[PDB]
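Visitor: Just one file: coords_36.pdb, with PDB, C-alpha atoms.
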ATOM      1  CA  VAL O   1       0.000   0.000   0.000  1.00  0.00           C
ATOM      2  CA  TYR O   2       1.411   3.379  -1.059  1.00  0.00           C
ATOM      3  CA  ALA O   3       0.592   6.597   0.806  1.00  0.00           C
ATOM      4  CA  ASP O   4       1.799  10.164   0.271  1.00  0.00           C
ATOM      5  CA  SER O   5       0.676  13.643   1.318  1.00  0.00           C
ATOM      6  CA  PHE O   6       1.704  17.187   0.401  1.00  0.00           C
ATOM      7  CA  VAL O   7       0.247  20.699   0.232  1.00  0.00           C
ATOM      8  CA  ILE O   8      -0.342  22.610  -3.018  1.00  0.00           C
ATOM      9  CA  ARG O   9      -2.488  25.465  -4.298  1.00  0.00           C
ATOM     10  CA  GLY O  10      -6.095  24.858  -5.283  1.00  0.00           C
ATOM     11  CA  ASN O  11      -5.666  25.900  -8.921  1.00  0.00           C
ATOM     12  CA  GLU O  12      -3.372  22.887  -9.494  1.00  0.00           C
ATOM     13  CA  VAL O  13      -5.585  20.249  -7.853  1.00  0.00           C
ATOM     14  CA  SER O  14      -7.490  19.175 -10.971  1.00  0.00           C
ATOM     15  CA  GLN O  15      -4.094  18.865 -12.682  1.00  0.00           C
ATOM     16  CA  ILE O  16      -3.284  15.962 -10.331  1.00  0.00           C
ATOM     17  CA  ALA O  17      -4.102  13.122 -12.747  1.00  0.00           C
ATOM     18  CA  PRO O  18      -2.296  10.957 -15.329  1.00  0.00           C
ATOM     19  CA  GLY O  19      -1.806  12.558 -18.724  1.00  0.00           C
ATOM     20  CA  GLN O  20      -1.501  16.145 -17.461  1.00  0.00           C
ATOM     21  CA  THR O  21       1.279  18.644 -18.131  1.00  0.00           C
ATOM     22  CA  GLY O  22       2.180  22.155 -17.054  1.00  0.00           C
ATOM     23  CA  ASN O  23       2.922  23.993 -13.820  1.00  0.00           C
ATOM     24  CA  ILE O  24       2.448  21.150 -11.322  1.00  0.00           C
ATOM     25  CA  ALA O  25       2.340  18.074 -13.595  1.00  0.00           C
ATOM     26  CA  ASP O  26       5.907  18.610 -14.866  1.00  0.00           C
ATOM     27  CA  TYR O  27       7.862  20.519 -12.181  1.00  0.00           C
ATOM     28  CA  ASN O  28       6.313  19.136  -8.972  1.00  0.00           C
ATOM     29  CA  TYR O  29       4.282  15.927  -9.311  1.00  0.00           C
ATOM     30  CA  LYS O  30       3.907  13.405 -12.144  1.00  0.00           C
ATOM     31  CA  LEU O  31       2.186  10.018 -12.281  1.00  0.00           C
ATOM     32  CA  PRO O  32       2.430   7.129 -14.765  1.00  0.00           C
ATOM     33  CA  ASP O  33      -0.073   6.459 -17.530  1.00  0.00           C
ATOM     34  CA  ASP O  34      -1.069   2.995 -16.247  1.00  0.00           C
ATOM     35  CA  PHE O  35      -1.867   4.226 -12.729  1.00  0.00           C
ATOM     36  CA  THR O  36      -4.484   2.393 -10.677  1.00  0.00           C
ATOM     37  CA  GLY O  37      -6.032   3.133  -7.306  1.00  0.00           C
ATOM     38  CA  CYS O  38      -7.909   6.158  -5.980  1.00  0.00           C
ATOM     39  CA  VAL O  39      -7.393   9.885  -5.410  1.00  0.00           C
ATOM     40  CA  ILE O  40      -8.638  11.699  -2.293  1.00  0.00           C
ATOM     41  CA  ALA O  41      -8.722  15.476  -1.842  1.00  0.00           C
ATOM     42  CA  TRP O  42     -10.427  17.973   0.451  1.00  0.00           C
ATOM     43  CA  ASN O  43     -10.411  21.647   1.389  1.00  0.00           C
ATOM     44  CA  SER O  44      -7.985  22.774   4.102  1.00  0.00           C
ATOM     45  CA  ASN O  45      -8.288  26.565   3.986  1.00  0.00           C
ATOM     46  CA  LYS O  46      -9.232  27.167   7.630  1.00  0.00           C
ATOM     47  CA  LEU O  47      -6.173  25.345   9.036  1.00  0.00           C
ATOM     48  CA  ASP O  48      -3.445  26.023   6.441  1.00  0.00           C
ATOM     49  CA  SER O  49      -3.760  29.753   5.639  1.00  0.00           C
TER      50      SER O  49
ATOM     51  CA  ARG F   1     -22.221   7.577 -14.100  1.00  0.00           C
ATOM     52  CA  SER F   2     -20.564   8.819 -17.284  1.00  0.00           C
ATOM     53  CA  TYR F   3     -17.356   8.162 -19.198  1.00  0.00           C
ATOM     54  CA  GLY F   4     -14.565  10.636 -19.978  1.00  0.00           C
ATOM     55  CA  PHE F   5     -13.419   9.872 -23.525  1.00  0.00           C
ATOM     56  CA  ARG F   6     -10.605  12.144 -24.748  1.00  0.00           C
ATOM     57  CA  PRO F   7      -8.301  11.659 -27.763  1.00  0.00           C
ATOM     58  CA  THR F   8      -5.121  12.209 -25.729  1.00  0.00           C
ATOM     59  CA  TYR F   9      -5.696   8.979 -23.782  1.00  0.00           C
ATOM     60  CA  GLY F  10      -3.567   5.965 -24.614  1.00  0.00           C
ATOM     61  CA  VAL F  11      -4.695   2.662 -26.067  1.00  0.00           C
ATOM     62  CA  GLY F  12      -6.844   0.764 -23.567  1.00  0.00           C
ATOM     63  CA  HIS F  13      -8.852   3.755 -22.332  1.00  0.00           C
ATOM     64  CA  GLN F  14     -10.056   4.918 -25.754  1.00  0.00           C
ATOM     65  CA  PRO F  15     -13.684   4.219 -26.703  1.00  0.00           C
ATOM     66  CA  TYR F  16     -14.225   1.208 -28.943  1.00  0.00           C
ATOM     67  CA  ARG F  17     -17.230   0.309 -31.083  1.00  0.00           C
ATOM     68  CA  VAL F  18     -18.467  -3.282 -30.881  1.00  0.00           C
ATOM     69  CA  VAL F  19     -21.293  -5.227 -32.536  1.00  0.00           C
ATOM     70  CA  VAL F  20     -22.082  -8.855 -31.667  1.00  0.00           C
ATOM     71  CA  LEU F  21     -24.291 -11.185 -33.713  1.00  0.00           C
ATOM     72  CA  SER F  22     -26.469 -13.999 -32.373  1.00  0.00           C
ATOM     73  CA  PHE F  23     -27.491 -17.217 -34.132  1.00  0.00           C
ATOM     74  CA  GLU F  24     -29.594 -20.215 -33.137  1.00  0.00           C
ATOM     75  CA  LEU F  25     -29.494 -23.504 -35.062  1.00  0.00           C
ATOM     76  CA  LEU F  26     -32.835 -25.042 -34.119  1.00  0.00           C
ATOM     77  CA  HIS F  27     -35.445 -26.766 -36.288  1.00  0.00           C
ATOM     78  CA  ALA F  28     -37.631 -24.059 -37.838  1.00  0.00           C
ATOM     79  CA  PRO F  29     -38.417 -22.641 -41.301  1.00  0.00           C
ATOM     80  CA  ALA F  30     -35.142 -21.111 -42.462  1.00  0.00           C
ATOM     81  CA  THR F  31     -35.243 -17.542 -43.763  1.00  0.00           C
ATOM     82  CA  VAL F  32     -31.660 -16.205 -44.018  1.00  0.00           C
ATOM     83  CA  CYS F  33     -28.462 -17.924 -45.172  1.00  0.00           C
ATOM     84  CA  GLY F  34     -25.678 -17.877 -47.720  1.00  0.00           C
ATOM     85  CA  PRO F  35     -25.744 -17.549 -51.509  1.00  0.00           C
ATOM     86  CA  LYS F  36     -26.371 -20.851 -53.275  1.00  0.00           C
ATOM     87  CA  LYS F  37     -28.588 -22.303 -55.993  1.00  0.00           C
ATOM     88  CA  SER F  38     -30.817 -25.358 -55.746  1.00  0.00           C
ATOM     89  CA  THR F  39     -30.980 -28.502 -57.884  1.00  0.00           C
ATOM     90  CA  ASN F  40     -33.745 -30.779 -59.147  1.00  0.00           C
ATOM     91  CA  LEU F  41     -35.038 -33.278 -56.587  1.00  0.00           C
ATOM     92  CA  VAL F  42     -34.013 -36.795 -57.606  1.00  0.00           C
ATOM     93  CA  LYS F  43     -35.515 -39.893 -55.998  1.00  0.00           C
ATOM     94  CA  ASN F  44     -34.888 -43.631 -55.637  1.00  0.00           C
ATOM     95  CA  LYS F  45     -31.134 -43.219 -56.165  1.00  0.00           C
ATOM     96  CA  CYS F  46     -28.118 -43.052 -53.865  1.00  0.00           C
ATOM     97  CA  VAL F  47     -27.240 -39.342 -53.741  1.00  0.00           C
ATOM     98  CA  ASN F  48     -25.577 -36.808 -51.437  1.00  0.00           C
ATOM     99  CA  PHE F  49     -28.623 -34.884 -50.254  1.00  0.00           C
TER     100      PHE F  49
END
Starting from the file, give its structure as structure tokens.

Guide:
Amino acid sequence: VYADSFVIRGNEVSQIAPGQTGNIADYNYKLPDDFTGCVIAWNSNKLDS
Amino acid sequence: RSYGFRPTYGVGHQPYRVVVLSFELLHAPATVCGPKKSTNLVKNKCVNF
């Protein structure tokens, strides 16, 4: 089981997916094309700003 | 739920178009089959009917 956690900006949350490129999908976080599993995200404005 | 077809996806996630045919070889008046021509009905002889 693989687990990882990090903090980013909201505008680059939808970019977190296979097949994406740009600000966060090429300089910060990239995933393979044959990825399997699940993706979990939530808002954390009131405790990280 | 819906699908998310996009051309940039690799082979395996692209939409495919499939048609499947169904037959049934029971005893009933035949209506559809291949191109062939009949022959005169012979009787009282050893033939390959």

Visitor: Can you tell me, as a PyMOL selection string, what residues are no more than 10 Å from range 32-47 of chain O when counting only C-alpha atoms, ignoring any on the same chain fewer than 4 positions away?

Guide: (chain O and resi 1-2+7+10+13-14+16-20) or (chain F and resi 9-10+12-13)

Visitor: Extending 6 Å beyond the listed atoms of range 17-32 of chain O on each side, what axis-aligned box results? I want centre and edge lengths in Å to one decimal, as JSON.

Guide:
{"center_x": 1.9, "center_y": 15.6, "center_z": -13.8, "size_x": 24.0, "size_y": 28.9, "size_z": 21.8}

Visitor: Counting all atoms listed in the file, find residues at most 7 Å from (-14.1, 6.3, -22.0) (file frame) and give them as a ChimeraX atom specification.

Guide: /F:3-5,13-15

Visitor: Name the closest residue to chain O among the candidates F:31, F:8, F:2, F:44; distances are taken between atoms, counting all atoms listed in the file.

Guide: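 That would be F:8, the residue with the smallest distance to chain O.
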
Visitor: Distance CA of residue 36 in chain F-CA of residue 22 in chain F, one decimal place?

Guide: 22.0 Å

Visitor: Quote the spacing between CA of residue 1 in chain F and CA of residue 6 in chain O in Å to one decimal place.

Guide: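 So the answer is 29.6 Å.
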
Visitor: What does the distance from CA of residue 9 in chain O to CA of residue 24 in chain O come to in Å, to one decimal?

Guide: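 A separation of 9.6 Å between them.
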